[PDB]
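Okay, so here's the structure we're looking at.
Note on naming: letters A, B, ... go to the chains in the order of the sequence lines (proteins, then strands), and numbering restarts at 1 for each one. Side-chain atoms are counted along with the backbone in the values below, which use heavy atoms only and exclude waters and symmetry mates. Start at 1 and go down the list; that is how both ligands and their atoms are numbered.
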Amino acid sequence: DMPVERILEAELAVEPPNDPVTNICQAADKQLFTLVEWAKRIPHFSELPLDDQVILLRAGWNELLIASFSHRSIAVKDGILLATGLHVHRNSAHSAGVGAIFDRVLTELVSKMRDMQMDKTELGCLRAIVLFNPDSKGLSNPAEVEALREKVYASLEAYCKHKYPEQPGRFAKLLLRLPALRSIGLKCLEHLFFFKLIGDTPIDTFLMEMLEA
Amino acid sequence: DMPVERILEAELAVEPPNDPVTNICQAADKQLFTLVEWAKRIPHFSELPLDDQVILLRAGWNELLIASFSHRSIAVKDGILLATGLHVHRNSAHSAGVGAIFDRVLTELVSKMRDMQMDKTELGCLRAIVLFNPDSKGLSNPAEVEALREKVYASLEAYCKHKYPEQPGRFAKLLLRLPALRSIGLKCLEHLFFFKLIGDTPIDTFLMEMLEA
Amino acid sequence: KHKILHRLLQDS
Amino acid sequence: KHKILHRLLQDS
Ligand SMILES: O=C(O)/C=C/c1ccc(O)c(-c2cccc(Cc3ccccc3)c2)c1
Ligand SMILES: O=C(O)/C=C/c1ccc(O)c(-c2cccc(Cc3ccccc3)c2)c1
């Protein structure tokens, strides 16, 4: 069983100079610690083998964090709210060299989340689906992870049909944001390597561990 | 309205040395012509403005072709059947320098399609969803494209529930292959630029036009 | 060349 | 460092 009540509780449980690049790296490292506490609260995750928990978090941490700060920014006016508390707007992002990826995040994620009024239960279920990624390489039992994912979007569909009975396509609309999250995550990861490779931007321990094999 | 009968008809309507790299480029160019005939047969696509049809095909042709040859290879034993008729197996792909992406295609697409017995109606609906990409930049009316996508997966869900009433999660399982198709498409596109950039592999007209702005 | 995609979509 | 992810998952 995969109760949406616990997934929402997981989202609620992890709720809390002005250079965008440095703040991005600081925010990612900061939220990696919070991501572990979140995953532990997702039903049945901690029951997986320890090595599989590592595989799933190493494979999805980037998308998981991107989904979080995107939904967190639905109230911001054409901007992104990073975990450090810094609001990055279009002018600041463009001047920092990350104008393109910034635009994608707002048009393909933040604005789409705001327009459909994606709630925290739906967000937590999407992040849980991402967490339970059966395509992750090295999983000792990918079928087991696939079963957990199936339970997640089974409970999500039931939630959407009960909460939004007049939006029959809402469930599919939620899942159809995952392709954008996938490609956006890949581009964001490229910028993180731009920041690290140049050696000019500080990279803290946890984020450094995720960026290395 | 978006009848699955016409989408299947579109799939059925486009059904027909040993160097894998050269064959990949030949196959992609060959199927670009077939892709246009396919898109024209998808209901309401030709009704879109001509400039939007170009935007949608330029934005999704790669994933659209990848979905096709992946489903085409469900009968092949650990191999990919290219449009040129060449069967590329693991040993040949690895020796051609494309072993990694080859493995992803088989594990994340071909094998997944075969295990769930994805039929051509479901394949055509997934490709139609990809075709009607509201995230494409430059669309004169992205809402219109989004409406067509919504009609597609509305008809797909109804098809799955009627054809497979005992597989409640089949509809979601189909949509959840699109993230893998997105990342796989991005990596495949990188190899196509590897082939083009090196100037060693011939690149024909249509494929050349898609690879250039 | 010459908008092969454009011309293929136009011709019936 | 020292499998910070491993140690964070272990500790309760
Ligand atoms: O705040 C958090 O909790 C987490 C944040 C985070 C996590 C992972 C990331 O890859 C990134 C990340 C990297 C590269 C590019 C972008 C886009 C951007 C964001 C803000 C301003 C301008 C551009 C995001 C950020
Ligand atoms: O056959 C068709 O109809 C279409 C084919 C096609 C279309 C687009 C592509 O990007 C590619 C494409 C490119 C790079 C890498 C791969 C993987 C691979 C495929 C075969 C053998 C080994 C590796 C595929 C192929």
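Ring planes of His191(B) and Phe194(B): perpendicular class, angle over 60° (limits at 30 and 60°).
Nearest-residue assignment for atom 21 (C) of ligand 2 (options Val98(B), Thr34(B), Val88(B); heavy-atom criterion): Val88(B). Of the listed options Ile24(A), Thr84(A), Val105(A), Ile24(A) places a heavy atom closest to atom 18 (C) of ligand 1.
Among protein heavy atoms, atom 3 (O) of ligand 2 sits closest to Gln31(B) CG, 2.9 Å. Looking from atom 19 (C) of ligand 2 to the surrounding protein, the closest heavy atom is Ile80(B) CD1, 3.6 Å. Of all protein heavy atoms, the one closest to atom 17 (C) of ligand 2 is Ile101(B) CG2, 4.2 Å. At the top of the distance list for atom 14 (C) of ligand 2, counting protein heavy atoms only, stands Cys188(B) O, 3.8 Å.
Taking a cut-off of under 4.0 Å to the non-hydrogen atoms of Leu82(B), the atoms of ligand 2 that pass are 1 (O), 20 (C).
In summary, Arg127(A) and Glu122(A) do not engage in a salt bridge, as defined by a charged side-chain N under 4.0 Å from a carboxylate O. A salt bridge does not link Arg6(B) with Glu9(B): every distance from a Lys NZ or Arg NE/NH1/NH2 to an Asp or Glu carboxylate oxygen is 4.0 Å or more. Under 4.0 Å is where a charged nitrogen must lie from a carboxylate oxygen, and between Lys112(A) and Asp135(B) at least one such pair does. At a threshold of 4.0 Å, the pair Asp103(A)-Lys137(B) does not count as salt-bridged, since none of the basic side-chain nitrogens sits closer than that to a carboxylate oxygen.
Between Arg72(A) and ligand 1 there is a heavy-atom distance shorter than 4.0 Å.
Within the 4.5 Å cutoff, the side chain of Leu123(B) has heavy atoms near those of the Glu11(B) side chain.
For the side chain to side chain contact (heavy atoms under 4.5 Å, CB included) test, residues two or more places apart in sequence or in another chain that qualify with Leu32(A) are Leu35(A), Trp61(A), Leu65(A), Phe206(A), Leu207(A), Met210(A).
Residue contacts with ligand 2: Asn62(B) is placed with a nitrogen or oxygen under 3.5 Å of a nitrogen or oxygen of the ligand (distance criterion only). In terms of polar-atom proximity, defined here as any N/O pair under 3.5 Å, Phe69(A) makes no such contact with ligand 1.
For the residue pair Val130(B) and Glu63(B), the shortest heavy atom distance occurs at CG1-OE1, 3.8 Å.
When heavy-atom distances to ligand 1 are checked against a 4.0 Å cut-off, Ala83(A) comes that close through both its backbone and its side chain.
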